[PDB]
């Protein structure tokens, strides 16, 4: 299993998916089209927003 | 009798016509969408991801 | 002066060169839903009117 953890904005979570486009998914983290796995996300403004 | 009647050899001609019609149907079925957005492969491969 | 819903404003863009990649790469849009076409292939396609 490979766990890739990173922090993005709110309207950029939808970019983490196979075939999606956006400034997150085309220059930083590209997901393969034949991706088999999970994409979990959670708001953490209490831990990453001072 | 063979020279006068144009439809004397109506069995071999029917076989030829049947084969030609089958091939024509096969070659004309390439212009059907079959539910796709286009009947051209190079259009679907150029307009869609 | 954006138009109203019941009077949506229609403009005919014709006879020019459209850089769809400029709008596609802009982050000032929330939804960019393309139906029947793909934004990555809009730059390589020639439409009309």
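Since every read-out is calculated from the coordinates, none of them should be taken as a lab result. All Cβ positions, even for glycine, are placed from backbone atoms using ideal geometry, and neighbour counts span all protein chains on display.
Where q = 0.15 Å⁻¹, what log10 of I(q)/I(0) comes from the Debye formula for the protein assembly as shown, counting one point per Cα?
-1.06
I'd like the FRET efficiency for residue A:29 and residue C:12, computed as 1/(1 + (r/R0)^6) with the beta carbon distance as r and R0 of 30 Å, rounded to 0.05.
About 0.15, to the nearest 0.05.
Tilt of helix B:12-28 relative to the longest C-alpha principal axis of chain B, in degrees (0 to 90, nearest 10)?
The angle comes out at about 10 degrees.
Any idea how far apart residue C:25 and residue C:45 come out in nm if each label point goes 7 Å out from Cα toward Cβ?
Distance between label points: 2.0 nm.
Taking chain B on its own, what percent of its Cα-Cα pair distances exceed 12 Å?
Working: 859 of 1176 pairs.
Result: 73 percent of Cα pairs exceed 12 Å.
Using only the Cα atoms of chain A, what semi-axes does the equivalent ellipsoid have when each is the square root of 5 times a gyration tensor eigenvalue? Give whole Å, largest first.
Working: eigenvalues 84, 37, 15 Å².
Semi-axes (√(5λ), whole Å): 20, 14, 9.
Cα centroid distance between the stretch C:4-27 and chain B, in Å?
43 Å
At 7 Å along Cα-to-Cβ for each site, give me the label-to-label distance between residue A:2 and residue B:36 in nm.
3.2 nm
Work out the P(r) tail for chain C: percent of alpha carbon pairs separated by more than 18 Å, whole number. Write out the running numbers ahead of the final one.
On the way: 577 of 1176 pairs.
Within chain C, distances greater than 18 Å cover 49 percent of Cα pairs.
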